[PDB]
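Visitor: Handing you this structure, nothing more for now.
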Amino acid sequence: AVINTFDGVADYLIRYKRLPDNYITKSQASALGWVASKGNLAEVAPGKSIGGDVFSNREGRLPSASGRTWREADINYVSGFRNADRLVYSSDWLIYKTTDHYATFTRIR
C-alpha cells in the first residue's frame, strides 16, 4: 500500500507475488516529469518510489542457472540522494537485500 522496508517489501513479494503499488517504474516517474540529473523523486512524483525495474544480473553476485532473471526495487527512498539501499529478487523469488548498492548481498528469502 505504502510499504518501503526490506522486510515489508519482501513480505509483499512472497505473499501477493508482486511488488506494492507504491513503486512505479523509471519510465513512469519520467513521464511525471522526474529527471535523474535533477533532485529527488518525491519532489516531482510524490508518494512514489522506483521499483519493478530490471536488474539483469551478469551472473556473478547473485546466482543464475538456465537463465534466471532478476528485478530490483528501492528501499527507503522518499527524499535525499538517489536510492542506494535496495532489494533484488529473482523470477522464482529468491530474495536478497543490500545497503551497499550491489557490492555485497544477503539473503532474506
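Ligands are numbered from 1 in the order shown, chains are lettered A, B, ... in the order of the C-alpha cells, and residues start at 1 in each chain.
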Need the shell around residue A:61: protein/DNA/RNA residues with any atom at most 10 Å away, counting only C-alpha atoms. Skip same-chain ones fewer than 5 positions apart. Format as a list in words?

Guide: residues 102, 103, 104 and 105 of chain A

Visitor: DSSP on the backbone: what in stretch 72-108 of chain A comes out strand (DSSP E or B), as number ranges by chain?

Guide: A: 72-74, 86-90, 95-98, 106-107

Visitor: Excluding stretch 54-59 of chain A and residues on its chain fewer than 5 positions from it, collect all residues at most 9 Å away from it, counting only C-alpha atoms, and give them as a list in words.

Guide: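 Here the answer would be residues 64, 65, 68, 69, 70, 71, 72, 73, 88 and 89 of chain A.
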
Visitor: With N, CA and C atoms retained, could you export that selection as a PDB file, in the first residue's frame?

Guide:
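File selection-v8.pdb, as written:
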```
ATOM      1  N   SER A  64      22.701 -17.761 -10.767  1.00  0.00           N
ATOM      2  CA  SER A  64      21.944 -17.845 -12.005  1.00  0.00           C
ATOM      3  C   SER A  64      22.282 -19.145 -12.737  1.00  0.00           C
ATOM      4  N   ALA A  65      21.237 -19.823 -13.188  1.00  0.00           N
ATOM      5  CA  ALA A  65      21.411 -21.050 -13.946  1.00  0.00           C
ATOM      6  C   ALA A  65      20.209 -21.246 -14.873  1.00  0.00           C
ATOM      7  N   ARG A  68      18.120 -17.465 -15.109  1.00  0.00           N
ATOM      8  CA  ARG A  68      17.353 -16.844 -14.043  1.00  0.00           C
ATOM      9  C   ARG A  68      17.399 -15.320 -14.174  1.00  0.00           C
ATOM     10  N   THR A  69      16.215 -14.724 -14.178  1.00  0.00           N
ATOM     11  CA  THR A  69      16.102 -13.288 -14.373  1.00  0.00           C
ATOM     12  C   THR A  69      15.813 -12.590 -13.041  1.00  0.00           C
ATOM     13  N   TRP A  70      16.142 -11.309 -12.997  1.00  0.00           N
ATOM     14  CA  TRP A  70      16.206 -10.595 -11.733  1.00  0.00           C
ATOM     15  C   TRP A  70      15.559  -9.222 -11.932  1.00  0.00           C
ATOM     16  N   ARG A  71      14.903  -8.756 -10.880  1.00  0.00           N
ATOM     17  CA  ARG A  71      14.393  -7.395 -10.859  1.00  0.00           C
ATOM     18  C   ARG A  71      14.706  -6.731  -9.517  1.00  0.00           C
ATOM     19  N   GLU A  72      14.901  -5.421  -9.574  1.00  0.00           N
ATOM     20  CA  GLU A  72      15.299  -4.673  -8.393  1.00  0.00           C
ATOM     21  C   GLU A  72      14.177  -3.727  -7.961  1.00  0.00           C
ATOM     22  N   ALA A  73      14.301  -3.232  -6.739  1.00  0.00           N
ATOM     23  CA  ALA A  73      13.364  -2.243  -6.233  1.00  0.00           C
ATOM     24  C   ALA A  73      14.019  -1.465  -5.089  1.00  0.00           C
ATOM     25  N   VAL A  88      16.713  -6.872  -4.246  1.00  0.00           N
ATOM     26  CA  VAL A  88      16.650  -7.523  -5.543  1.00  0.00           C
ATOM     27  C   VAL A  88      16.107  -8.943  -5.370  1.00  0.00           C
ATOM     28  N   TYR A  89      15.129  -9.274  -6.202  1.00  0.00           N
ATOM     29  CA  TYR A  89      14.505 -10.584  -6.140  1.00  0.00           C
ATOM     30  C   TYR A  89      14.446 -11.229  -7.525  1.00  0.00           C
TER      31      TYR A  89
END
```

Visitor: Might you pull out every residue within 8 Å of residue A:34, with only C-alpha atoms counted and same-chain residues fewer than 5 positions away left off, and present them as a PyMOL selection string?

Guide: chain A and resi 29+41+44-45

Visitor: Can you write out the residues you just picked, keeping C-alpha atoms, as a PDB file, in the first residue's frame?

Guide:
```
ATOM      1  CA  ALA A  29       8.467   8.841 -12.962  1.00  0.00           C
ATOM      2  CA  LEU A  41      11.862  11.755  -6.723  1.00  0.00           C
ATOM      3  CA  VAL A  44       8.261  15.747  -8.884  1.00  0.00           C
ATOM      4  CA  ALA A  45       6.430  12.494  -8.253  1.00  0.00           C
TER       5      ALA A  45
END
```

Visitor: Quick one: distance from atom CA of residue A:101 to atom CA of residue A:84 in Å, one decimal?

Guide: 5.2 Å

Visitor: Calculated over only C-alpha atoms, which of the candidates A:4, A:25, A:30, A:37 has the smallest distance to residue A:87?

Guide: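 Counting only C-alpha atoms, the residue closest to residue A:87 is A:4.
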
Visitor: Find the residues near residue A:82: any atom within 9 Å, counting only C-alpha atoms, skip ones fewer than 3 places away on the same chain, and give them as a list in words.

Guide: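 The residues satisfying every condition are residues 36, 39, 40, 41, 77, 78 and 79 of chain A.
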
Visitor: Restricting the output to N, CA, C and O atoms, write the selected residues as a PDB file, in the first residue's frame.

Guide:
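Just written: part_29.pdb:
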```pdb
ATOM      1  N   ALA A  36      16.569  12.391 -13.632  1.00  0.00           N
ATOM      2  CA  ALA A  36      17.519  11.731 -12.752  1.00  0.00           C
ATOM      3  C   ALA A  36      18.638  12.709 -12.390  1.00  0.00           C
ATOM      4  O   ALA A  36      19.117  12.718 -11.257  1.00  0.00           O
ATOM      5  N   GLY A  39      16.799  16.597  -8.891  1.00  0.00           N
ATOM      6  CA  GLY A  39      16.838  16.230  -7.486  1.00  0.00           C
ATOM      7  C   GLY A  39      15.992  14.984  -7.220  1.00  0.00           C
ATOM      8  O   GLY A  39      15.873  14.115  -8.082  1.00  0.00           O
ATOM      9  N   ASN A  40      15.425  14.937  -6.023  1.00  0.00           N
ATOM     10  CA  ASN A  40      14.869  13.698  -5.507  1.00  0.00           C
ATOM     11  C   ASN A  40      13.523  13.427  -6.182  1.00  0.00           C
ATOM     12  O   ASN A  40      12.958  14.311  -6.824  1.00  0.00           O
ATOM     13  N   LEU A  41      13.050  12.201  -6.016  1.00  0.00           N
ATOM     14  CA  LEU A  41      11.862  11.755  -6.723  1.00  0.00           C
ATOM     15  C   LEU A  41      10.644  12.516  -6.197  1.00  0.00           C
ATOM     16  O   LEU A  41       9.930  13.160  -6.966  1.00  0.00           O
ATOM     17  N   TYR A  77      13.389   5.345   0.086  1.00  0.00           N
ATOM     18  CA  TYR A  77      13.770   6.489  -0.726  1.00  0.00           C
ATOM     19  C   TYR A  77      12.567   7.398  -0.990  1.00  0.00           C
ATOM     20  O   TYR A  77      11.793   7.155  -1.914  1.00  0.00           O
ATOM     21  N   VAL A  78      12.449   8.424  -0.161  1.00  0.00           N
ATOM     22  CA  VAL A  78      11.486   9.482  -0.414  1.00  0.00           C
ATOM     23  C   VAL A  78      12.228  10.748  -0.849  1.00  0.00           C
ATOM     24  O   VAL A  78      11.944  11.306  -1.907  1.00  0.00           O
ATOM     25  N   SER A  79      13.165  11.165  -0.008  1.00  0.00           N
ATOM     26  CA  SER A  79      13.878  12.408  -0.241  1.00  0.00           C
ATOM     27  C   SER A  79      15.348  12.252   0.157  1.00  0.00           C
ATOM     28  O   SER A  79      15.685  11.393   0.970  1.00  0.00           O
TER      29      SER A  79
END
```

Visitor: For residue A:67, which residue among A:85, A:91, A:109, A:53 is the nearest when counting only C-alpha atoms?

Guide: A:91
